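So this one's structure25.cif, mmCIF, N, CA, C and O atoms:
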```cif
data_data
loop_
_atom_site.label_atom_id
_atom_site.label_comp_id
_atom_site.auth_asym_id
_atom_site.auth_seq_id
_atom_site.Cartn_x
_atom_site.Cartn_y
_atom_site.Cartn_z
N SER F 1 184.69 22.02 208.41
CA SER F 1 184.65 20.87 209.31
C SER F 1 183.41 20.92 210.20
O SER F 1 182.70 19.92 210.39
N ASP F 2 183.14 22.10 210.76
CA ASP F 2 181.99 22.29 211.64
C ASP F 2 180.69 21.87 210.96
O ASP F 2 179.90 21.10 211.52
N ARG F 3 180.46 22.36 209.75
CA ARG F 3 179.21 22.07 209.08
C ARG F 3 179.13 20.64 208.60
O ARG F 3 178.04 20.07 208.58
N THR F 4 180.26 20.02 208.23
CA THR F 4 180.20 18.60 207.91
C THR F 4 179.75 17.79 209.13
O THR F 4 178.90 16.90 209.01
N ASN F 5 180.28 18.12 210.31
CA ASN F 5 179.82 17.44 211.52
C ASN F 5 178.33 17.67 211.75
O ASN F 5 177.58 16.73 212.03
N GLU F 6 177.89 18.92 211.65
CA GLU F 6 176.49 19.21 211.95
C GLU F 6 175.55 18.57 210.92
O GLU F 6 174.44 18.17 211.28
N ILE F 7 175.97 18.47 209.66
CA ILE F 7 175.16 17.79 208.66
C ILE F 7 175.12 16.29 208.92
O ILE F 7 174.08 15.65 208.72
N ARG F 8 176.24 15.70 209.35
CA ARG F 8 176.22 14.29 209.72
C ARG F 8 175.33 14.04 210.93
O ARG F 8 174.82 12.93 211.10
N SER F 9 175.14 15.06 211.77
CA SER F 9 174.36 14.86 212.99
C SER F 9 172.93 14.41 212.69
O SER F 9 172.47 13.40 213.24
N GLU F 10 172.21 15.13 211.82
CA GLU F 10 170.80 14.83 211.57
C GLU F 10 170.60 13.69 210.59
O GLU F 10 169.46 13.23 210.40
N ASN F 11 171.66 13.21 209.95
CA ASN F 11 171.57 12.00 209.13
C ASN F 11 170.43 12.06 208.13
O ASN F 11 169.66 11.11 208.01
N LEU F 12 170.30 13.17 207.42
CA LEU F 12 169.21 13.35 206.46
C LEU F 12 169.08 12.16 205.53
O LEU F 12 168.04 11.96 204.90
N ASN F 13 180.09 10.34 200.20
CA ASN F 13 181.14 11.26 200.64
C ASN F 13 181.49 12.26 199.55
O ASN F 13 182.47 12.99 199.67
N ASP F 14 180.68 12.30 198.49
CA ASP F 14 180.89 13.23 197.39
C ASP F 14 179.87 14.36 197.39
O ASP F 14 180.26 15.53 197.37
N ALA F 15 178.58 14.05 197.41
CA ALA F 15 177.56 15.09 197.46
C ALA F 15 177.61 15.87 198.76
O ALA F 15 177.13 17.00 198.83
N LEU F 16 178.18 15.27 199.81
CA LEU F 16 178.36 15.99 201.06
C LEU F 16 179.21 17.23 200.85
O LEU F 16 178.92 18.30 201.40
N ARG F 17 180.26 17.11 200.03
CA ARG F 17 181.10 18.25 199.72
C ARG F 17 180.31 19.35 199.02
O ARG F 17 180.44 20.53 199.35
N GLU F 18 179.49 18.98 198.03
CA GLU F 18 178.74 19.99 197.29
C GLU F 18 177.69 20.65 198.15
O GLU F 18 177.37 21.83 197.96
N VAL F 19 177.12 19.92 199.11
CA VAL F 19 176.21 20.53 200.06
C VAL F 19 176.95 21.54 200.93
O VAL F 19 176.55 22.71 201.02
N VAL F 20 178.07 21.12 201.52
CA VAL F 20 178.77 22.00 202.46
C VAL F 20 179.26 23.25 201.74
O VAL F 20 179.17 24.36 202.26
N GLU F 21 179.79 23.08 200.52
CA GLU F 21 180.31 24.21 199.76
C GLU F 21 179.28 25.33 199.66
O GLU F 21 179.57 26.49 199.97
N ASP F 22 178.06 24.99 199.24
CA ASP F 22 177.02 25.99 199.04
C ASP F 22 176.43 26.49 200.35
O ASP F 22 176.04 27.66 200.43
N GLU F 23 176.36 25.64 201.37
CA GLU F 23 175.72 26.03 202.62
C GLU F 23 176.51 27.09 203.38
O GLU F 23 175.92 27.78 204.22
N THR F 24 177.80 27.26 203.12
CA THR F 24 178.69 28.03 203.98
C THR F 24 179.19 29.29 203.28
O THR F 24 179.16 29.40 202.06
N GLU F 25 179.68 30.24 204.09
CA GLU F 25 180.22 31.52 203.63
C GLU F 25 181.69 31.58 204.02
O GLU F 25 182.05 31.36 205.18
N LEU F 26 182.56 31.83 203.06
CA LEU F 26 184.02 31.77 203.29
C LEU F 26 184.68 33.05 202.79
O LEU F 26 184.04 33.79 202.07
N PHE F 27 185.91 33.29 203.16
CA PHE F 27 186.73 34.38 202.63
C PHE F 27 187.15 34.05 201.20
O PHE F 27 187.70 32.97 200.95
N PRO F 28 186.91 34.93 200.23
CA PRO F 28 187.25 34.61 198.84
C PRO F 28 188.75 34.55 198.64
O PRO F 28 189.52 34.90 199.55
N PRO F 29 189.21 34.14 197.46
CA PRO F 29 190.65 33.99 197.23
C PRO F 29 191.44 35.27 197.44
O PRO F 29 192.56 35.24 197.97
N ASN F 30 190.88 36.41 197.03
CA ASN F 30 191.67 37.64 196.99
C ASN F 30 192.15 38.06 198.37
O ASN F 30 193.29 38.51 198.53
N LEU F 31 191.30 37.91 199.39
CA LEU F 31 191.66 38.31 200.74
C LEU F 31 192.48 37.25 201.47
O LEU F 31 192.57 37.28 202.70
N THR F 32 193.07 36.31 200.73
CA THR F 32 194.01 35.36 201.29
C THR F 32 195.28 35.21 200.47
O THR F 32 196.16 34.43 200.84
N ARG F 33 195.41 35.94 199.36
CA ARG F 33 196.66 36.00 198.62
C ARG F 33 197.61 36.99 199.27
O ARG F 33 197.21 37.87 200.04
N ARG F 34 198.89 36.84 198.94
CA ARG F 34 199.91 37.78 199.37
C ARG F 34 200.95 38.08 198.30
O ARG F 34 201.90 38.82 198.58
N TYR F 35 200.80 37.55 197.09
CA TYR F 35 201.78 37.74 196.04
C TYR F 35 201.22 38.64 194.94
O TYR F 35 200.02 38.87 194.83
N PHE F 36 202.14 39.16 194.12
CA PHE F 36 201.80 40.03 193.00
C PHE F 36 202.23 39.33 191.72
O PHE F 36 203.09 38.44 191.75
N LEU F 37 201.63 39.71 190.60
CA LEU F 37 201.88 39.05 189.33
C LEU F 37 202.04 40.09 188.24
O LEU F 37 201.13 40.90 188.01
N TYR F 38 203.18 40.07 187.57
CA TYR F 38 203.50 40.98 186.48
C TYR F 38 203.92 40.17 185.26
O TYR F 38 204.25 38.99 185.36
N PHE F 39 203.92 40.82 184.10
CA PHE F 39 204.30 40.19 182.85
C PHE F 39 205.54 40.87 182.29
O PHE F 39 205.64 42.10 182.28
N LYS F 40 206.48 40.06 181.82
CA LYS F 40 207.73 40.54 181.26
C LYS F 40 207.68 40.42 179.75
O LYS F 40 207.43 39.32 179.23
N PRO F 41 207.92 41.50 179.00
CA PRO F 41 207.65 41.47 177.56
C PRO F 41 208.43 40.37 176.87
O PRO F 41 209.33 39.74 177.43
N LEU F 42 208.07 40.13 175.61
CA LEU F 42 208.74 39.11 174.81
C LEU F 42 210.04 39.69 174.27
O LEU F 42 210.02 40.68 173.53
N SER F 43 211.16 39.09 174.65
CA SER F 43 212.45 39.56 174.19
C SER F 43 212.55 39.43 172.67
O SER F 43 211.99 38.51 172.07
N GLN F 44 213.26 40.37 172.06
CA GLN F 44 213.52 40.29 170.63
C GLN F 44 214.50 39.18 170.28
O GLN F 44 214.35 38.55 169.22
N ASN F 45 215.47 38.90 171.15
CA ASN F 45 216.41 37.82 170.88
C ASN F 45 215.69 36.48 170.77
O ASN F 45 215.98 35.68 169.87
N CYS F 46 214.75 36.21 171.67
CA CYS F 46 214.02 34.95 171.63
C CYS F 46 213.07 34.88 170.45
O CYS F 46 212.87 33.80 169.89
N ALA F 47 212.48 36.01 170.05
CA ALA F 47 211.57 36.04 168.92
C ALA F 47 212.28 35.94 167.59
O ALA F 47 211.65 35.56 166.60
N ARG F 48 213.56 36.27 167.53
CA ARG F 48 214.32 36.12 166.29
C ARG F 48 214.90 34.72 166.14
O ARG F 48 215.38 34.38 165.05
N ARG F 49 214.86 33.89 167.18
CA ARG F 49 215.39 32.53 167.10
C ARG F 49 214.33 31.58 166.57
O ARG F 49 214.56 30.89 165.57
N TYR F 50 213.17 31.51 167.23
CA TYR F 50 212.10 30.63 166.77
C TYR F 50 211.28 31.24 165.63
O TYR F 50 210.22 30.70 165.32
N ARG F 51 211.74 32.33 165.02
CA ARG F 51 211.03 32.95 163.91
C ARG F 51 209.64 33.44 164.33
O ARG F 51 208.63 32.92 163.85
N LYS F 52 209.59 34.43 165.22
CA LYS F 52 208.35 35.08 165.61
C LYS F 52 208.56 36.59 165.63
O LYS F 52 209.69 37.06 165.77
N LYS F 53 207.48 37.37 165.49
CA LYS F 53 207.56 38.82 165.39
C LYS F 53 207.04 39.42 166.69
O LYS F 53 205.86 39.29 167.01
N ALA F 54 207.92 40.10 167.42
CA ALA F 54 207.62 40.54 168.79
C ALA F 54 207.05 41.95 168.75
O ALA F 54 207.79 42.93 168.66
N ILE F 55 205.72 42.06 168.82
CA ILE F 55 205.09 43.37 168.92
C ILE F 55 205.34 44.01 170.28
O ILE F 55 205.25 45.23 170.41
N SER F 56 205.65 43.21 171.30
CA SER F 56 205.73 43.72 172.66
C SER F 56 207.04 44.44 172.92
O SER F 56 207.06 45.57 173.43
N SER F 57 208.20 43.82 172.65
CA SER F 57 209.53 44.43 172.92
C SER F 57 209.87 45.50 171.89
O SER F 57 210.92 46.11 172.06
N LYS F 58 209.04 45.79 170.90
CA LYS F 58 209.31 46.93 170.04
C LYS F 58 208.99 48.22 170.79
O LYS F 58 207.85 48.39 171.26
N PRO F 59 209.93 49.15 170.94
CA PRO F 59 209.62 50.42 171.60
C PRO F 59 208.73 51.29 170.72
O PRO F 59 208.51 51.02 169.54
N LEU F 60 208.21 52.36 171.32
CA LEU F 60 207.31 53.25 170.60
C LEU F 60 207.42 54.65 171.17
O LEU F 60 207.76 54.84 172.34
N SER F 61 207.12 55.64 170.33
CA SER F 61 207.07 57.02 170.76
C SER F 61 205.75 57.29 171.48
O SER F 61 204.98 56.38 171.78
N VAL F 62 205.50 58.56 171.76
CA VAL F 62 204.23 58.95 172.36
C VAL F 62 203.19 59.29 171.30
O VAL F 62 201.99 59.15 171.54
N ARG F 63 203.59 59.78 170.16
CA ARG F 63 202.69 60.07 169.03
C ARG F 63 202.15 58.77 168.46
O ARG F 63 200.96 58.76 168.16
N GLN F 64 202.92 57.69 168.39
CA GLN F 64 202.53 56.50 167.64
C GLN F 64 201.45 55.69 168.33
O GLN F 64 200.91 54.76 167.72
N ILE F 65 201.12 56.01 169.58
CA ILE F 65 200.19 55.21 170.38
C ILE F 65 198.79 55.79 170.19
O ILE F 65 198.46 56.83 170.77
N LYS F 66 197.97 55.11 169.40
CA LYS F 66 196.64 55.57 169.03
C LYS F 66 195.57 54.65 169.62
O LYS F 66 195.86 53.76 170.43
N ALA T 1 164.36 20.99 202.36
CA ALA T 1 164.17 20.27 201.11
C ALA T 1 165.36 20.44 200.17
O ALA T 1 165.66 19.54 199.37
N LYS T 2 166.05 21.57 200.26
CA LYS T 2 167.25 21.78 199.46
C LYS T 2 168.29 20.71 199.76
O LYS T 2 168.84 20.09 198.84
N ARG T 3 168.58 20.48 201.04
CA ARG T 3 169.53 19.44 201.41
C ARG T 3 169.04 18.07 200.98
O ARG T 3 169.82 17.24 200.50
N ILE T 4 167.75 17.80 201.19
CA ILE T 4 167.23 16.48 200.88
C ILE T 4 167.41 16.16 199.40
O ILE T 4 167.85 15.06 199.03
N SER T 5 167.08 17.12 198.52
CA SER T 5 167.22 16.87 197.09
C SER T 5 168.68 16.66 196.70
O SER T 5 168.99 15.78 195.89
N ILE T 6 169.59 17.46 197.26
CA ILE T 6 170.99 17.35 196.88
C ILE T 6 171.57 16.01 197.33
O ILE T 6 172.34 15.39 196.59
N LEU T 7 171.22 15.55 198.53
CA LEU T 7 171.75 14.28 199.01
C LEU T 7 171.04 13.06 198.44
O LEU T 7 171.59 11.96 198.49
N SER T 8 169.83 13.22 197.90
CA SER T 8 169.09 12.10 197.33
C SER T 8 169.16 12.08 195.81
O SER T 8 168.18 11.73 195.14
N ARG T 9 170.30 12.46 195.25
CA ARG T 9 170.50 12.41 193.81
C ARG T 9 171.94 12.01 193.49
O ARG T 9 172.42 12.24 192.38
N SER T 10 166.55 24.54 191.29
CA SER T 10 165.38 25.33 190.94
C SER T 10 164.16 24.88 191.73
O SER T 10 163.24 24.28 191.17
N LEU T 11 164.15 25.16 193.03
CA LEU T 11 163.05 24.79 193.90
C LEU T 11 162.35 26.06 194.39
O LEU T 11 162.98 26.88 195.07
N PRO T 12 161.07 26.25 194.08
CA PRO T 12 160.39 27.47 194.51
C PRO T 12 160.09 27.46 196.00
O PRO T 12 160.34 26.48 196.70
N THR T 13 159.54 28.57 196.47
CA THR T 13 159.11 28.63 197.86
C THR T 13 158.06 27.55 198.11
O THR T 13 157.20 27.30 197.26
N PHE T 14 158.15 26.91 199.26
CA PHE T 14 157.26 25.81 199.60
C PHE T 14 155.99 26.35 200.24
O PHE T 14 156.04 27.32 201.00
N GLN T 15 154.86 25.72 199.95
CA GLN T 15 153.58 26.15 200.49
C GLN T 15 153.27 25.41 201.78
O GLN T 15 153.44 24.19 201.87
N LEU T 16 152.80 26.15 202.78
CA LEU T 16 152.38 25.59 204.05
C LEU T 16 150.86 25.53 204.08
O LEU T 16 150.19 26.56 204.01
N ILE T 17 150.32 24.33 204.20
CA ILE T 17 148.88 24.10 204.26
C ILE T 17 148.56 23.66 205.68
O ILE T 17 149.09 22.66 206.17
N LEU T 18 147.70 24.42 206.35
CA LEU T 18 147.36 24.15 207.74
C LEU T 18 146.03 23.40 207.81
O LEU T 18 145.06 23.79 207.17
N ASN T 19 146.01 22.31 208.58
CA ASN T 19 144.80 21.56 208.85
C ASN T 19 144.63 21.45 210.36
O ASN T 19 145.60 21.19 211.07
N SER T 20 143.41 21.67 210.85
CA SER T 20 143.16 21.75 212.28
C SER T 20 141.84 21.09 212.63
O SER T 20 140.93 20.99 211.81
N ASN T 21 141.75 20.63 213.88
CA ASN T 21 140.52 20.09 214.47
C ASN T 21 140.34 20.75 215.83
O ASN T 21 140.86 20.28 216.84
N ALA T 22 139.59 21.85 215.86
CA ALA T 22 139.43 22.62 217.08
C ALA T 22 138.19 23.50 216.95
O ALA T 22 137.38 23.34 216.04
N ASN T 23 138.06 24.45 217.88
CA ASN T 23 136.94 25.37 217.94
C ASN T 23 136.53 25.89 216.57
O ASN T 23 137.39 26.11 215.71
N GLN T 24 135.23 26.07 216.34
CA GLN T 24 134.72 26.58 215.07
C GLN T 24 133.74 27.72 215.33
O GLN T 24 132.61 27.49 215.77
N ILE T 25 134.19 28.94 215.06
CA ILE T 25 133.32 30.11 215.15
C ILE T 25 132.30 30.06 214.02
O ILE T 25 132.66 29.75 212.87
#
```

Turn this file's structure into structure tokens for me.
Amino acid sequence: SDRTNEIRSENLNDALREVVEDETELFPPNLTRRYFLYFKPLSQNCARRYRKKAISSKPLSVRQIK
Amino acid sequence: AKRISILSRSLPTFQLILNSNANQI
């Protein structure tokens, strides 16, 4: 808001946004998030219904992981 | 000039050329 006002001051509504965006320094997305994101494997029950092969919910030993 | 181009629509450093009318050694 500050820089939009100051840019309107000298009088050098779309390109104004692209000017302000580049002219200013802001906090990036990461330092304003507060949530975490995880993935839940593909269930075998669901993969056997729509006819798909679930590589994810298949368990594995420690030797088999190459 | 950066603002002027963006609002009036790869810019190198601009050259300053000085012209004067004063004492001459």

Near chain F, which residues of chain T fall within 8 Å when you count only C-alpha atoms, and what do they look like as a CSV table (one decimal) with N, CA, C and O atoms, keeping the file's coordinate frame?
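Now in selection34.csv:
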```
chain,number,residue,atom,x,y,z
T,3,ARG,N,168.6,20.5,201.0
T,3,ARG,CA,169.5,19.4,201.4
T,3,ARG,C,169.0,18.1,201.0
T,3,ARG,O,169.8,17.2,200.5
T,4,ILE,N,167.8,17.8,201.2
T,4,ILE,CA,167.2,16.5,200.9
T,4,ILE,C,167.4,16.2,199.4
T,4,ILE,O,167.8,15.1,199.0
T,6,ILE,N,169.6,17.5,197.3
T,6,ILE,CA,171.0,17.4,196.9
T,6,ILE,C,171.6,16.0,197.3
T,6,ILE,O,172.3,15.4,196.6
T,7,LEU,N,171.2,15.6,198.5
T,7,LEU,CA,171.8,14.3,199.0
T,7,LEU,C,171.0,13.1,198.4
T,7,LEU,O,171.6,12.0,198.5
```

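Residues matched by the PyMOL selection byres ((chain T and resi 11-14) around 8) in this structure: residues 1, 2, 10, 15, 16 and 17 of chain T.
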
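Interatomic distance, atom N of residue 30 (chain F) against atom N of residue 3 (chain F): 21.6 Å.
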
Hey, can I get the axis-aligned box for region 29-45 of chain F? All listed atoms, 8 Å padding on each side, centre and edge lengths in Å to one decimal, as AutoDock Vina command-line options.
```
--center_x 202.8 --center_y 38.0 --center_z 186.0 --size_x 43.2 --size_y 24.1 --size_z 49.5
```

>> What does the structure give for the distance between atom O of residue 39 (chain F) and CA of residue 57 (chain F), in Å to one decimal?
In response: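 Going from atom O of residue 39 (chain F) over to CA of residue 57 (chain F) covers 10.4 Å.
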
>> Just want the 8 Å neighbourhood of residue 54 (chain F), counted on only C-alpha atoms, with same-chain residues fewer than 2 positions away dropped. Output as a PyMOL selection string.
In response: chain F and resi 42-44+47+52+56-58

> Could you work out how far CA of residue 31 (chain F) lies from CA of residue 2 (chain F), giving the answer in Å with one decimal?
Replying inline: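 Pair CA of residue 2 (chain F) / CA of residue 31 (chain F) returns 21.7 Å.
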
Pull N, CA, C and O atoms for region 39-50 of chain F from the block and write them as a short mmCIF file (atom, residue, chain, number, x, y, z; two decimals), in the first residue's frame.
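Here's the written file decode-v4.cif:
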```cif
data_model
loop_
_atom_site.label_atom_id
_atom_site.label_comp_id
_atom_site.auth_asym_id
_atom_site.auth_seq_id
_atom_site.Cartn_x
_atom_site.Cartn_y
_atom_site.Cartn_z
N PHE F 39 1.94 -37.31 2.97
CA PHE F 39 1.25 -38.13 1.99
C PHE F 39 0.90 -39.49 2.60
O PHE F 39 1.73 -40.10 3.27
N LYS F 40 -0.32 -39.94 2.35
CA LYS F 40 -0.81 -41.20 2.86
C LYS F 40 -0.83 -42.23 1.74
O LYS F 40 -1.45 -41.97 0.70
N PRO F 41 -0.19 -43.38 1.90
CA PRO F 41 0.01 -44.28 0.76
C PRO F 41 -1.31 -44.69 0.13
O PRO F 41 -2.40 -44.45 0.67
N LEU F 42 -1.21 -45.30 -1.04
CA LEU F 42 -2.39 -45.76 -1.76
C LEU F 42 -2.84 -47.09 -1.15
O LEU F 42 -2.10 -48.07 -1.17
N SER F 43 -4.06 -47.11 -0.62
CA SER F 43 -4.59 -48.32 -0.02
C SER F 43 -4.72 -49.42 -1.08
O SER F 43 -4.99 -49.15 -2.25
N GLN F 44 -4.50 -50.65 -0.65
CA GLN F 44 -4.71 -51.79 -1.53
C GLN F 44 -6.18 -52.04 -1.83
O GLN F 44 -6.51 -52.45 -2.95
N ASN F 45 -7.07 -51.78 -0.87
CA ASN F 45 -8.49 -51.95 -1.12
C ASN F 45 -8.98 -51.06 -2.25
O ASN F 45 -9.73 -51.50 -3.12
N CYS F 46 -8.54 -49.80 -2.26
CA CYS F 46 -8.96 -48.88 -3.31
C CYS F 46 -8.34 -49.23 -4.65
O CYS F 46 -8.97 -49.04 -5.69
N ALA F 47 -7.10 -49.73 -4.65
CA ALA F 47 -6.43 -50.10 -5.89
C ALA F 47 -6.96 -51.39 -6.49
O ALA F 47 -6.78 -51.61 -7.69
N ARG F 48 -7.59 -52.24 -5.69
CA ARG F 48 -8.19 -53.45 -6.22
C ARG F 48 -9.61 -53.23 -6.73
O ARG F 48 -10.15 -54.11 -7.40
N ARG F 49 -10.21 -52.07 -6.46
CA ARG F 49 -11.55 -51.78 -6.94
C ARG F 49 -11.51 -51.19 -8.34
O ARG F 49 -12.15 -51.72 -9.26
N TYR F 50 -10.78 -50.09 -8.53
CA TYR F 50 -10.68 -49.48 -9.85
C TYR F 50 -9.65 -50.16 -10.74
O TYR F 50 -9.30 -49.60 -11.79
#
```
